[PDB]
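Asks: So here's run20.pdb, just PDB, C-alpha atoms:
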```pdb
ATOM      1  CA  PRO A   1      97.718  83.493 104.089  1.00  0.00           C
ATOM      2  CA  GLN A   2      95.961  80.186 103.680  1.00  0.00           C
ATOM      3  CA  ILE A   3      96.855  76.977 105.423  1.00  0.00           C
ATOM      4  CA  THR A   4      95.838  73.467 104.276  1.00  0.00           C
ATOM      5  CA  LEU A   5      95.218  70.672 106.691  1.00  0.00           C
ATOM      6  CA  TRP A   6      97.498  67.998 105.278  1.00  0.00           C
ATOM      7  CA  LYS A   7      99.803  68.625 108.248  1.00  0.00           C
ATOM      8  CA  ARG A   8      99.058  70.193 111.686  1.00  0.00           C
ATOM      9  CA  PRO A   9      98.410  73.895 111.382  1.00  0.00           C
ATOM     10  CA  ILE A  10     101.202  75.048 113.694  1.00  0.00           C
ATOM     11  CA  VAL A  11     102.155  78.736 113.940  1.00  0.00           C
ATOM     12  CA  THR A  12     104.747  80.732 115.814  1.00  0.00           C
ATOM     13  CA  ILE A  13     103.611  83.024 118.634  1.00  0.00           C
ATOM     14  CA  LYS A  14     105.326  85.650 120.697  1.00  0.00           C
ATOM     15  CA  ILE A  15     103.921  85.974 124.234  1.00  0.00           C
ATOM     16  CA  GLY A  16     105.467  87.413 127.437  1.00  0.00           C
ATOM     17  CA  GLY A  17     108.711  88.042 125.561  1.00  0.00           C
ATOM     18  CA  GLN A  18     108.867  84.312 124.730  1.00  0.00           C
ATOM     19  CA  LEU A  19     108.520  82.556 121.387  1.00  0.00           C
ATOM     20  CA  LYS A  20     106.402  79.455 121.178  1.00  0.00           C
ATOM     21  CA  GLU A  21     104.843  77.116 118.632  1.00  0.00           C
ATOM     22  CA  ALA A  22     101.132  76.553 118.798  1.00  0.00           C
ATOM     23  CA  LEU A  23      98.370  74.658 117.113  1.00  0.00           C
ATOM     24  CA  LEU A  24      95.535  76.525 115.364  1.00  0.00           C
ATOM     25  CA  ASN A  25      92.628  74.666 116.875  1.00  0.00           C
ATOM     26  CA  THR A  26      89.079  75.421 115.663  1.00  0.00           C
ATOM     27  CA  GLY A  27      87.968  72.615 118.054  1.00  0.00           C
ATOM     28  CA  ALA A  28      89.090  74.814 121.048  1.00  0.00           C
ATOM     29  CA  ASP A  29      86.969  77.631 122.558  1.00  0.00           C
ATOM     30  CA  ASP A  30      90.062  78.850 124.526  1.00  0.00           C
ATOM     31  CA  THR A  31      93.830  79.227 124.151  1.00  0.00           C
ATOM     32  CA  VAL A  32      95.993  76.976 126.322  1.00  0.00           C
ATOM     33  CA  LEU A  33      99.715  77.113 126.737  1.00  0.00           C
ATOM     34  CA  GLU A  34     102.308  75.237 128.797  1.00  0.00           C
ATOM     35  CA  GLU A  35     105.624  76.566 130.165  1.00  0.00           C
ATOM     36  CA  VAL A  36     104.975  80.195 129.387  1.00  0.00           C
ATOM     37  CA  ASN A  37     105.630  82.631 132.291  1.00  0.00           C
ATOM     38  CA  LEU A  38     103.078  85.346 132.420  1.00  0.00           C
ATOM     39  CA  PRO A  39     103.052  88.279 134.887  1.00  0.00           C
ATOM     40  CA  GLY A  40     100.364  89.351 137.393  1.00  0.00           C
ATOM     41  CA  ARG A  41      97.154  88.004 138.944  1.00  0.00           C
ATOM     42  CA  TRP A  42      95.330  85.100 137.499  1.00  0.00           C
ATOM     43  CA  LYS A  43      92.243  83.059 138.326  1.00  0.00           C
ATOM     44  CA  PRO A  44      92.101  79.205 138.624  1.00  0.00           C
ATOM     45  CA  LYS A  45      89.890  77.378 136.065  1.00  0.00           C
ATOM     46  CA  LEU A  46      89.397  73.871 134.872  1.00  0.00           C
ATOM     47  CA  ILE A  47      89.105  72.885 131.210  1.00  0.00           C
ATOM     48  CA  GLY A  48      87.757  69.730 129.668  1.00  0.00           C
ATOM     49  CA  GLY A  49      89.017  67.945 126.628  1.00  0.00           C
ATOM     50  CA  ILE A  50      88.821  64.501 125.273  1.00  0.00           C
ATOM     51  CA  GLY A  51      89.636  62.093 128.005  1.00  0.00           C
ATOM     52  CA  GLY A  52      89.466  64.519 130.941  1.00  0.00           C
ATOM     53  CA  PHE A  53      89.721  67.910 132.712  1.00  0.00           C
ATOM     54  CA  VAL A  54      92.883  69.861 133.690  1.00  0.00           C
ATOM     55  CA  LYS A  55      93.491  72.626 136.248  1.00  0.00           C
ATOM     56  CA  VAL A  56      94.707  75.909 134.737  1.00  0.00           C
ATOM     57  CA  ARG A  57      95.472  79.559 135.475  1.00  0.00           C
ATOM     58  CA  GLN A  58      93.498  82.138 133.583  1.00  0.00           C
ATOM     59  CA  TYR A  59      95.226  85.401 132.573  1.00  0.00           C
ATOM     60  CA  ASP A  60      93.191  88.207 131.013  1.00  0.00           C
ATOM     61  CA  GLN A  61      94.229  90.842 128.527  1.00  0.00           C
ATOM     62  CA  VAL A  62      97.475  89.079 127.603  1.00  0.00           C
ATOM     63  CA  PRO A  63      99.087  90.599 124.522  1.00  0.00           C
ATOM     64  CA  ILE A  64     100.087  87.984 122.002  1.00  0.00           C
ATOM     65  CA  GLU A  65     101.692  88.007 118.593  1.00  0.00           C
ATOM     66  CA  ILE A  66     100.421  85.228 116.326  1.00  0.00           C
ATOM     67  CA  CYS A  67     102.097  84.875 112.910  1.00  0.00           C
ATOM     68  CA  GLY A  68     103.120  88.636 113.043  1.00  0.00           C
ATOM     69  CA  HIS A  69      99.591  89.859 114.028  1.00  0.00           C
ATOM     70  CA  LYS A  70      99.246  91.568 117.439  1.00  0.00           C
ATOM     71  CA  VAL A  71      96.197  90.591 119.488  1.00  0.00           C
ATOM     72  CA  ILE A  72      95.093  90.629 123.114  1.00  0.00           C
ATOM     73  CA  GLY A  73      93.104  88.025 124.957  1.00  0.00           C
ATOM     74  CA  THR A  74      92.724  85.464 127.644  1.00  0.00           C
ATOM     75  CA  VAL A  75      95.386  82.834 127.848  1.00  0.00           C
ATOM     76  CA  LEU A  76      95.051  79.665 129.945  1.00  0.00           C
ATOM     77  CA  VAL A  77      98.309  78.275 131.253  1.00  0.00           C
ATOM     78  CA  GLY A  78      98.379  74.617 132.249  1.00  0.00           C
ATOM     79  CA  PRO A  79      99.260  71.003 131.352  1.00  0.00           C
ATOM     80  CA  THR A  80      98.634  70.565 127.639  1.00  0.00           C
ATOM     81  CA  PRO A  81     100.403  68.059 125.378  1.00  0.00           C
ATOM     82  CA  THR A  82     100.520  70.807 122.730  1.00  0.00           C
ATOM     83  CA  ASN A  83     100.095  74.560 122.833  1.00  0.00           C
ATOM     84  CA  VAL A  84      96.728  75.512 121.509  1.00  0.00           C
ATOM     85  CA  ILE A  85      95.274  78.699 120.003  1.00  0.00           C
ATOM     86  CA  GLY A  86      91.521  78.645 120.278  1.00  0.00           C
ATOM     87  CA  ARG A  87      88.674  80.589 118.770  1.00  0.00           C
ATOM     88  CA  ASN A  88      88.936  83.464 121.313  1.00  0.00           C
ATOM     89  CA  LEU A  89      92.131  84.468 119.488  1.00  0.00           C
ATOM     90  CA  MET A  90      91.459  83.131 115.989  1.00  0.00           C
ATOM     91  CA  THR A  91      88.546  85.519 115.647  1.00  0.00           C
ATOM     92  CA  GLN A  92      90.979  88.403 116.474  1.00  0.00           C
ATOM     93  CA  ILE A  93      93.272  87.654 113.649  1.00  0.00           C
ATOM     94  CA  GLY A  94      90.238  87.106 111.332  1.00  0.00           C
ATOM     95  CA  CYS A  95      90.769  83.376 110.848  1.00  0.00           C
ATOM     96  CA  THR A  96      88.050  81.388 108.889  1.00  0.00           C
ATOM     97  CA  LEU A  97      87.341  77.822 107.614  1.00  0.00           C
ATOM     98  CA  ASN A  98      86.821  77.596 103.849  1.00  0.00           C
ATOM     99  CA  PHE A  99      85.572  74.717 101.664  1.00  0.00           C
TER     100      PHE A  99
ATOM    101  CA  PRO B   1      81.148  77.781 102.201  1.00  0.00           C
ATOM    102  CA  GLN B   2      83.049  80.098 104.523  1.00  0.00           C
ATOM    103  CA  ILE B   3      82.808  79.539 108.281  1.00  0.00           C
ATOM    104  CA  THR B   4      83.856  82.266 110.792  1.00  0.00           C
ATOM    105  CA  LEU B   5      84.883  81.207 114.276  1.00  0.00           C
ATOM    106  CA  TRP B   6      82.705  83.541 116.359  1.00  0.00           C
ATOM    107  CA  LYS B   7      80.713  80.400 117.287  1.00  0.00           C
ATOM    108  CA  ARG B   8      81.762  76.670 117.256  1.00  0.00           C
ATOM    109  CA  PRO B   9      82.102  75.477 113.610  1.00  0.00           C
ATOM    110  CA  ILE B  10      79.477  72.693 113.813  1.00  0.00           C
ATOM    111  CA  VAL B  11      78.347  70.746 110.729  1.00  0.00           C
ATOM    112  CA  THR B  12      75.742  68.144 110.068  1.00  0.00           C
ATOM    113  CA  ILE B  13      77.044  64.792 108.881  1.00  0.00           C
ATOM    114  CA  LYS B  14      75.410  61.612 107.626  1.00  0.00           C
ATOM    115  CA  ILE B  15      77.174  58.351 108.518  1.00  0.00           C
ATOM    116  CA  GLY B  16      75.947  54.719 108.590  1.00  0.00           C
ATOM    117  CA  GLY B  17      72.474  56.061 107.596  1.00  0.00           C
ATOM    118  CA  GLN B  18      72.241  58.242 110.747  1.00  0.00           C
ATOM    119  CA  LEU B  19      72.432  62.015 111.012  1.00  0.00           C
ATOM    120  CA  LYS B  20      74.739  63.648 113.520  1.00  0.00           C
ATOM    121  CA  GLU B  21      76.264  67.053 114.276  1.00  0.00           C
ATOM    122  CA  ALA B  22      80.050  67.338 114.509  1.00  0.00           C
ATOM    123  CA  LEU B  23      82.678  69.955 115.291  1.00  0.00           C
ATOM    124  CA  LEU B  24      85.129  70.900 112.496  1.00  0.00           C
ATOM    125  CA  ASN B  25      88.319  70.516 114.428  1.00  0.00           C
ATOM    126  CA  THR B  26      91.625  71.535 112.966  1.00  0.00           C
ATOM    127  CA  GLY B  27      93.393  70.474 116.159  1.00  0.00           C
ATOM    128  CA  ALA B  28      92.365  66.808 115.801  1.00  0.00           C
ATOM    129  CA  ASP B  29      94.303  64.474 113.308  1.00  0.00           C
ATOM    130  CA  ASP B  30      91.416  61.969 113.512  1.00  0.00           C
ATOM    131  CA  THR B  31      87.593  61.930 113.422  1.00  0.00           C
ATOM    132  CA  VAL B  32      85.850  60.691 116.597  1.00  0.00           C
ATOM    133  CA  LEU B  33      82.127  60.120 116.975  1.00  0.00           C
ATOM    134  CA  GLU B  34      80.096  59.302 120.081  1.00  0.00           C
ATOM    135  CA  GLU B  35      76.977  57.257 119.289  1.00  0.00           C
ATOM    136  CA  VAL B  36      77.031  55.839 115.818  1.00  0.00           C
ATOM    137  CA  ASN B  37      77.043  52.201 114.859  1.00  0.00           C
ATOM    138  CA  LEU B  38      79.044  51.253 111.993  1.00  0.00           C
ATOM    139  CA  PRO B  39      78.954  47.791 110.444  1.00  0.00           C
ATOM    140  CA  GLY B  40      81.849  45.324 110.217  1.00  0.00           C
ATOM    141  CA  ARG B  41      85.225  44.571 111.738  1.00  0.00           C
ATOM    142  CA  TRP B  42      87.190  47.139 113.730  1.00  0.00           C
ATOM    143  CA  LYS B  43      90.559  47.619 115.461  1.00  0.00           C
ATOM    144  CA  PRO B  44      90.872  48.835 119.150  1.00  0.00           C
ATOM    145  CA  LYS B  45      92.927  51.992 119.605  1.00  0.00           C
ATOM    146  CA  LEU B  46      93.565  54.728 122.235  1.00  0.00           C
ATOM    147  CA  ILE B  47      93.473  58.372 121.385  1.00  0.00           C
ATOM    148  CA  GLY B  48      95.034  61.204 123.398  1.00  0.00           C
ATOM    149  CA  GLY B  49      93.529  64.588 124.137  1.00  0.00           C
ATOM    150  CA  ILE B  50      93.838  67.429 126.596  1.00  0.00           C
ATOM    151  CA  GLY B  51      92.671  65.729 129.786  1.00  0.00           C
ATOM    152  CA  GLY B  52      93.856  62.167 129.193  1.00  0.00           C
ATOM    153  CA  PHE B  53      93.231  59.227 126.837  1.00  0.00           C
ATOM    154  CA  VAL B  54      90.246  57.268 125.617  1.00  0.00           C
ATOM    155  CA  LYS B  55      89.804  53.787 124.155  1.00  0.00           C
ATOM    156  CA  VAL B  56      88.044  53.650 120.783  1.00  0.00           C
ATOM    157  CA  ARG B  57      87.094  51.491 117.823  1.00  0.00           C
ATOM    158  CA  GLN B  58      88.762  52.239 114.545  1.00  0.00           C
ATOM    159  CA  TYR B  59      86.707  51.636 111.401  1.00  0.00           C
ATOM    160  CA  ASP B  60      88.237  52.148 108.004  1.00  0.00           C
ATOM    161  CA  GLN B  61      86.838  53.170 104.709  1.00  0.00           C
ATOM    162  CA  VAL B  62      83.637  54.587 106.184  1.00  0.00           C
ATOM    163  CA  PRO B  63      81.476  56.538 103.774  1.00  0.00           C
ATOM    164  CA  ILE B  64      80.391  59.866 105.244  1.00  0.00           C
ATOM    165  CA  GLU B  65      78.526  62.973 104.064  1.00  0.00           C
ATOM    166  CA  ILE B  66      79.868  66.244 105.449  1.00  0.00           C
ATOM    167  CA  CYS B  67      77.690  69.255 104.456  1.00  0.00           C
ATOM    168  CA  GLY B  68      76.605  67.306 101.343  1.00  0.00           C
ATOM    169  CA  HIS B  69      80.191  66.364 100.325  1.00  0.00           C
ATOM    170  CA  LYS B  70      80.651  62.602 100.162  1.00  0.00           C
ATOM    171  CA  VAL B  71      83.867  61.352 101.574  1.00  0.00           C
ATOM    172  CA  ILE B  72      85.438  58.073 102.716  1.00  0.00           C
ATOM    173  CA  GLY B  73      87.852  57.784 105.613  1.00  0.00           C
ATOM    174  CA  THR B  74      88.630  56.316 108.911  1.00  0.00           C
ATOM    175  CA  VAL B  75      86.348  57.066 111.814  1.00  0.00           C
ATOM    176  CA  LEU B  76      86.935  56.298 115.382  1.00  0.00           C
ATOM    177  CA  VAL B  77      83.994  55.506 117.579  1.00  0.00           C
ATOM    178  CA  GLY B  78      84.323  56.045 121.333  1.00  0.00           C
ATOM    179  CA  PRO B  79      83.873  58.382 124.417  1.00  0.00           C
ATOM    180  CA  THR B  80      83.915  62.069 123.471  1.00  0.00           C
ATOM    181  CA  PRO B  81      82.019  65.046 124.795  1.00  0.00           C
ATOM    182  CA  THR B  82      81.448  66.215 121.178  1.00  0.00           C
ATOM    183  CA  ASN B  83      81.655  64.622 117.757  1.00  0.00           C
ATOM    184  CA  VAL B  84      84.698  65.814 115.969  1.00  0.00           C
ATOM    185  CA  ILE B  85      85.724  65.865 112.301  1.00  0.00           C
ATOM    186  CA  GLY B  86      89.564  65.895 112.194  1.00  0.00           C
ATOM    187  CA  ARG B  87      92.060  66.719 109.451  1.00  0.00           C
ATOM    188  CA  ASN B  88      91.812  63.250 107.949  1.00  0.00           C
ATOM    189  CA  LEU B  89      88.374  64.123 106.486  1.00  0.00           C
ATOM    190  CA  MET B  90      88.767  67.829 106.267  1.00  0.00           C
ATOM    191  CA  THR B  91      91.539  67.464 103.752  1.00  0.00           C
ATOM    192  CA  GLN B  92      89.067  65.422 101.581  1.00  0.00           C
ATOM    193  CA  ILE B  93      86.444  68.132 101.428  1.00  0.00           C
ATOM    194  CA  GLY B  94      89.123  70.747 100.665  1.00  0.00           C
ATOM    195  CA  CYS B  95      88.863  72.616 103.993  1.00  0.00           C
ATOM    196  CA  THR B  96      91.500  75.343 104.750  1.00  0.00           C
ATOM    197  CA  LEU B  97      92.333  78.056 107.306  1.00  0.00           C
ATOM    198  CA  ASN B  98      92.329  81.610 106.023  1.00  0.00           C
ATOM    199  CA  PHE B  99      93.525  84.909 107.502  1.00  0.00           C
TER     200      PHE B  99
ATOM    201  CA  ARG C   1      95.846  63.975 118.497  1.00  0.00           C
ATOM    202  CA  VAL C   2      92.618  65.335 119.347  1.00  0.00           C
ATOM    203  CA  UNK C   3      92.728  68.675 121.126  1.00  0.00           C
ATOM    204  CA  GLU C   4      89.085  72.005 124.485  1.00  0.00           C
ATOM    205  CA  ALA C   5      86.137  73.703 126.224  1.00  0.00           C
ATOM    206  CA  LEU C   6      85.584  75.072 129.770  1.00  0.00           C
TER     207      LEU C   6
END
```
For the structure just supplied, provide its representation as structure tokens.
Replies:
Amino acid sequence: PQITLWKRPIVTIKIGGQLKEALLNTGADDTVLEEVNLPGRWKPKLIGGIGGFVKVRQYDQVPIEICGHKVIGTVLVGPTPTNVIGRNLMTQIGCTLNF
Amino acid sequence: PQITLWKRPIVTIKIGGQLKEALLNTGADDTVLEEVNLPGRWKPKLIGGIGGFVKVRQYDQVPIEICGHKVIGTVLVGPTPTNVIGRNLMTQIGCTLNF
Amino acid sequence: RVXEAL
């Protein structure tokens, strides 16, 4: 599949038994989600963005299904205005920019 | 070209006669640059991001070269840890996501 | 509108 950039590139994920919408974000090194409930131990981290830094929990080896592809990676859970899928997962599904 | 996402997708732009590097950012909407000086009248605006909000100058109809493709769009000038090309210009150069 | 690094 190929997605143009005339509207936000939003896809559907499954993670932790929950379904969410999330933004394909080539401007993000990492994947950040709000209001997902993940099991197990995590570590605290802080991420920066435009306009500031936010405190998050880091979960490793979280299985995630992104547009019907199954991948596994680190998922940050914390206050984000929109769910974001970053490069750490986009590489897993083979996603590229083309022009 | 084709750009994989194993490293940040950074391109070289030319804008207002100056050269800059910028991150191709599919999670943006808008283009924001840090230290350029564009001629003419602007409008003040606030943009939102992950950690908060920033106050910027909106310039319209700014010519810009993005990997040799010549494009005209709105560019926002203000506080940002990295220059960012958003969907507004990326649609002009034909950029898409592929997987 | 606009989205992240550690």
Asks: Can you turn the PyMOL selection byres ((chain B and resi 78-85) around 8) into a concrete residue list for this file, as a ChimeraX atom specification?
Replies: /A:27,49-51 /B:21-25,28,30-35,54-57,76-77,86-90
Asks: With all atoms listed in the file as the basis for distance, which of B:63, B:26, B:73, B:36 is at the shortest distance from residue 3 in chain C?
Replies: B:26
Asks: Report as a PyMOL selection string the set of chain C residues whose atoms approach chain B to within 7 Å, with distances computed over all atoms listed in the file.
Replies: chain C and resi 1-4
Asks: In Å to one decimal, how far is CA of residue 6 in chain A from CA of residue 39 in chain B?
Replies: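 The value is 27.9 Å.
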Asks: The PyMOL selection byres ((chain A and resi 42) around 6) on the file shown: which residues, as a ChimeraX atom specification?
Replies: /A:41,43,57-59
Asks: For the atom pair CA of residue 64 in chain B and CA of residue 13 in chain B, what is the interatomic distance in Å to one decimal place?
Replies: 7.0 Å
Asks: What does the distance between CA of residue 65 in chain B and CA of residue 9 in chain B come to in Å, to one decimal place?
Replies: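 So the two atoms, CA of residue 65 in chain B and CA of residue 9 in chain B, lie 16.1 Å apart.
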Asks: Just checking: using all atoms listed in the file, which residue out of A:92, A:98, A:12, A:18 ends up closest to chain B?
Replies: A:98
Asks: Smallest atom-to-atom distance to chain A: which of B:52, B:8, B:61, B:70, using only C-alpha atoms?
Replies: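 Of the candidates, the smallest distance to chain A is held by B:52.
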Asks: Using only C-alpha atoms, which of A:97, A:38, A:71, A:46 sits nearest residue 5 in chain C?
Replies: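 Looking only at the distances to residue 5 in chain C, the closest residue turns out to be A:46.
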Asks: Please, what is the axis-aligned box for every listed atom of range 63-79 of chain A with 5 Å on each side, as centre and edge lengths in Å to one decimal, as lines of an AutoDock Vina configuration file?
Replies:
```
center_x = 97.9
center_y = 81.3
center_z = 122.6
size_x = 20.4
size_y = 30.6
size_z = 29.3
```
